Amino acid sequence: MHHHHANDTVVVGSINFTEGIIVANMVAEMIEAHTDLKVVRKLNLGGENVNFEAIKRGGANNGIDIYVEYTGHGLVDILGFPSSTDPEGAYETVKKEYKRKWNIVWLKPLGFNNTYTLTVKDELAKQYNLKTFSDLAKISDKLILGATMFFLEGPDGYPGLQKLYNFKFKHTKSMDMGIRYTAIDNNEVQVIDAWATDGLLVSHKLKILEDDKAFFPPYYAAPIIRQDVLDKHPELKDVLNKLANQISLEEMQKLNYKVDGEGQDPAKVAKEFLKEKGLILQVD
């Protein structure tokens, strides 16, 4: 699964994915509050690999200098390595390899693991004492999965997950857009797929289950930056590392909800979050 549908200038990128826009705007705000660097906020069109192609180009070549990447995307999709089960091993691997291959520096994780998950209504989890994918698999022969199309079409999706856990859902319905949220609300399906930080989980009274057999890789978000930009502006390392461990899963979910559920401006959501925990000053 993919996370998509001194007066010099630094270019911060994201693609059109709510979480990505929010965290990219946070990165921009931190640079604008703590340095005199000019920040271009580039919204790249296309899938998430456009960010990787852009960072290899660099802001000086109509690309970008910084974006927020997930450890497992770098590990599996970019480097082609197997899906590790250890967050630290995954992080150290991408950090070492990105530095060696492309002179790209992984900074510290933001604090959340936006991994792919299966979710059920809180009420179902309470009724059947569900915590893990393995718990769900045991009762899956009574249940229906409503899932995004890409999750059903791929060995890294439900087919592979089904093999590892022996899922036996009666039906697996392809439901794009917001169809599966309405379906689970209506008890037409009993399980949906979602990113762990999906802004709709709390408002739909949904519970994320644990991938106890570790099918999915770690997906810890962290800023990554070109070394040549750090060479010119070494102060960016400490400025951006002020975000280290500053965004929990629950905090990120709430920000995604403000945008996707409440229609708030992601730039305002990002800046207000930083101001409310003192990461920028009240007058910044």
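All residue numbers are counted from 1 along the displayed sequence.
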query	finding
Extent of unmodelled deposited sequence, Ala6 relative to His5	4 to 9
Stretch with the greater mean C-alpha B-factor as recorded in the entry, comparing 249-257 against 57-65	57-65
67-75 set against 85-93, stretch whose average Cα temperature factor tops the other in the entry	85-93
Highest-ranked of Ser174, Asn114, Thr119, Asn103 once sorted by CA temperature factor in the record	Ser174
Third of chain Cα B-factors occupied by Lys42	middle
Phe151, C-alpha B-factor rank within chain (lowest, middle or highest third)	highest
Chain-wide C-alpha B factor ranking for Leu200, given as lowest, middle or highest third	highest
Entry-reported Cα temperature factor of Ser14, expressed as the chain third it lands in	lowest
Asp141 CA temperature factor, ranked by third within the chain	middle
